[PDB]
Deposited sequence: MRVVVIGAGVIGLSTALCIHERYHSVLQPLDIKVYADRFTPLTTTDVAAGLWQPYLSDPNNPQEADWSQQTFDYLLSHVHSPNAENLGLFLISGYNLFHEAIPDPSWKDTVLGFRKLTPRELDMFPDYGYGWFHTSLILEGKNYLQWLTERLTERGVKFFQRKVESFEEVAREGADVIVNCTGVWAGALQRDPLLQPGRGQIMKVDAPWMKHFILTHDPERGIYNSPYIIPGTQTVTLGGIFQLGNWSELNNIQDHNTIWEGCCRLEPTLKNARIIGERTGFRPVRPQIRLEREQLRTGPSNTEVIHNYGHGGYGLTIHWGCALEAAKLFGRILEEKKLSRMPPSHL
């Protein structure tokens, strides 16, 4: 049993990891190799601030599975090398809207008192809550090391095709190709959703602030997310846009929006800045297909890959076990 996971963001490495935790004891030899053309810190996953938060329905179970999972680890000392921690903060809107499904997964969820709404002249409604953050860059790095302990080998290649990989002699292929899955098997329902962010030095920001606006659309209005080192600013989401390139208006839009939202930001040193492509699909593709060869796809996580990736991996891992059960 010779497995090739293609892809090395959060999705591809969790999966590999899950599959190894659960299966290596049960065969005989389990050989897993990962193929990506990009490793940290050059993946979409390296540009996510990594806040846990879904969109405003197995996907709910999955996110939640990942929340209970990370949380059960936040007060361990692996947590640091994971870049895992807890953070509170605001969601802000113009109009009233219903509580989300994750109401009760996050900690201490509630509506904002008028006095807390007094500080954001521009918003009429909000939530406060405690969530948690997984920095992509460290996460990816921790995953890397845990894989490398479990003797899992990496290779840098662009895979042109699944046949490429079956002919080398994979029995099982796991496609974790994020936004790039179309290149391998066509997907009219996968589109990139271009994001941009800046990293600024603002170590007094201890809260996340996310704003929402119906005309702007999802992930397209100011947000501010404190990290371990820098505070992440962003609020760019443009469907169908494949330019891996920082752009000047986006920079401004981010800067003006973020400073307006939080004037104190005006003196924060810009540290760096980056673009990525959220794998937008109306729904994560997470499912088996036969080629003689077996394929588990697991892409189309859009703007919530960190939030969900571990229910996905545990789910990809039952698919892997359902296969062997047919052998």
Deposited sequence versus model: which ranges have no CA atoms? 57-61, 297-301, 338-347
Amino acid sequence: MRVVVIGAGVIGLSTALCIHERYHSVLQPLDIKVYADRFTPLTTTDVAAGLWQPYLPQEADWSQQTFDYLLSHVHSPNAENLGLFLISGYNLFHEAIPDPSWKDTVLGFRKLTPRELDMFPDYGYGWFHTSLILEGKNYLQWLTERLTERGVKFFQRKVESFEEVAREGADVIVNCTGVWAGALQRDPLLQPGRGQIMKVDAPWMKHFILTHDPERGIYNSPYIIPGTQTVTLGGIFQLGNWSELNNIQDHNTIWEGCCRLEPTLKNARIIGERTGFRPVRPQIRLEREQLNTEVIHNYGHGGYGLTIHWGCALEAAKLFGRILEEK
From here on, numbers count along this sequence of modelled residues.
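Each form is matched to the other, and the largest set of C-alpha atoms that superpose within 1.5 Å is called the rigid core.
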Returned stretch for higher CA RMS in 7 other deposited structures of this protein, core superposition, given 209-217 and 87-95, is 209-217
RMS Cα shift after core superposition in 7 other deposited structures of this protein, winner of 239-247 and 218-226: 218-226
Averaging CA B factors per stretch from the PDB record, which one is higher: 245-253 or 131-139? 131-139
Taking the recorded C-alpha temperature factors, which stretch has the higher mean, 86-94 or 67-75? 67-75
Of the residues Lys153, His207, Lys111, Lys103, the one whose Cα carries the largest B-factor in the deposited record is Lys103
Looking only at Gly169, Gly240, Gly195, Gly182, the Cα with the top B-factor belongs to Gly169
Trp62: C-alpha B-factor third of its chain, per the entry, is the middle
According to the PDB entry, is the CA B factor of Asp201 in the bottom, middle or top third of its chain, that is, lowest, middle or highest? lowest
Can you work out whether the C-alpha temperature factor of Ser161 puts it in the lowest, middle or highest third of the chain? lowest
Temperature factor at the Cα of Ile284, chain-ranked in thirds, falls in the middle
Lowest, middle or highest third: which one holds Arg269 when the chain's residues are ordered by CA B-factor from the entry? highest
